[PDB]
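Engineer: One structure coming up, written as structure tokens, with questions to follow.
In this analysis, Cβ positions are derived from the backbone assuming ideal geometry, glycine residues included, and neighbour counts consider all displayed protein chains. Derivation of every value follows stated rules applied to the coordinates shown; laboratory data play no part.
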Amino acid sequence: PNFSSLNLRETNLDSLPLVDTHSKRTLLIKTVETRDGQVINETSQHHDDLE
Amino acid sequence: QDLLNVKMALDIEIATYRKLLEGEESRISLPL
């Protein structure tokens with residue numbers, strides 16, 4: 001009876017790294033470059049950071 | 001003495017019946 005080899009596993013306690021809370025920090029730097037008031041560029045830098 | 005040759009054969013069959021009982025209850029008593 002050397003059981004705990006089963007042990008009906010241990011498909012595990014699963015503190016695994018499957019996280020996004022770990023938050024998905026959507027730093028949306030919407031750089032609206034206007035000239036005179038007209039939009040010339042919108043450099044929308046989505047830094048899509050997973051903390 | 002010639003009857004005792006047959007009695008000692010039965011005593012070896014008893015010493016063997018021990019090992020058969022030892023082997024069969026061990027087939028009944030079993031792993032993880």
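Engineer: Let me confirm something: among A:11, A:34, which residue is on the phi < 0 side of the Ramachandran plot, assigned to a loop (DSSP other than H, G, I, E, B), among the β-branched types (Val, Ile, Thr) and away from chain B (no Cβ under 14 Å)?
Structural biologist: A:11
Engineer: Among the residues of chain B, what is the count of those that are assigned to a helix (DSSP H, G or I) and either within 15 Å of the chain's Cα centre (by Cα) or polar (S, T, N, Q) (or both)?
Structural biologist: Selection size over chain B: 21.
Engineer: While we're looking at this one, here's another question. Out of everything in region A:23-38 that is of a type in the set (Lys, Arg) and in contact with a strand residue (DSSP E or B) (Cβ under 9 Å, 6 or more places away or on another chain), what residue ends up being farthest from residue A:49 (Cα to Cα)?
Structural biologist: A:30
Engineer: Still on this structure, please answer the following. Quick one: which residue in A:16, A:50 is over 30 Å from residue B:29 (Cβ atoms), touching a strand residue (DSSP E or B) at 6+ places or on another chain (Cβ under 6 Å) and either away from chain B (no Cβ under 14 Å) or surrounded by 10 or more Cβ atoms within 10 Å (Cβ to Cβ) (or both)?
Structural biologist: Selected residue: A:50, the only one of A:16, A:50 that is over 30 Å from residue B:29 (Cβ atoms), touching a strand residue (DSSP E or B) at 6+ places or on another chain (Cβ under 6 Å) and either away from chain B (no Cβ under 14 Å) or surrounded by 10 or more Cβ atoms within 10 Å (Cβ to Cβ) (or both).
Engineer: Which condition does residue A:44 not pass, out of (1) in a loop (DSSP other than H, G, I, E, B); (2) more than 14 Å from chain B (Cβ to nearest Cβ), if it passes all the others?
Structural biologist: (1)
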